[PDB]
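Spelled out, the chains give:
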Amino acid sequence: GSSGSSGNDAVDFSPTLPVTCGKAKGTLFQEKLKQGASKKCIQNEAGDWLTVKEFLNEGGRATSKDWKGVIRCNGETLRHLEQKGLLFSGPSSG
């Protein structure tokens, strides 16, 4: 609704991040991502969750090697945001 979440670029705070792949759009949930890059964490506009891979197929990049590269968040690829310490991309082991 009108009032729900505040923060222009303060999204890094929320467990959800805006992701886009080709002609597809959804949202990544760090909480649902922690489990694995196979679990449906990317929720499209239809609300139907999709696996890091599925989401890609929706756009037509199934032939992609790195989902972090194809998937763009706010115009910046996940990998880019991660490097800037913005994205956790799961529990970093080391």
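Residues numbered from 1 in each chain as written, not as in the entry; some residues may be left out. Heavy atoms only, no water.

As recorded in the PDB entry, the protein chain goes by the name putative nuclear protein homolog 5830484A20Rik, listed as coming from Mus musculus. As recorded in the PDB, this entry has the title "Solution structure of the SAND domain of the putative nuclear protein homolog (5830484A20Rik)".

Before going further, it helps to spend a moment on the packing of aromatic side chains. Evaluated as defined, the whole model comprises one aromatic pair. Positioned above the aromatic ring of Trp 49, the side-chain terminus of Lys 32 is 4.1 Å from the ring centre. (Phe/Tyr/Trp six-rings, centres within 6.5 Å; stacked < 30°, edge-to-face > 60°. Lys NZ or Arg CZ within 6 Å of the ring centre and 35° of its normal.)

A separate point is the side chain of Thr 51. Of note, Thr 51 is situated in the loop between β4 (49-50) and α2 (52-59). Residue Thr 51 is classed as buried on the basis of its relative accessible area of 9%. Not counting residues within four places of it along the chain, the set of residues in contact with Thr 51 comprises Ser 38, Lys 39, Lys 40 and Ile 42. (Helix = DSSP H or I, 4+ residues; strand = E, 2+ residues; numbered from the N terminus. Buried < 20%, exposed > 50% of the residue type's maximum accessible area, 1.4 Å probe, protein only. Contact = heavy atoms within 4.5 Å.)

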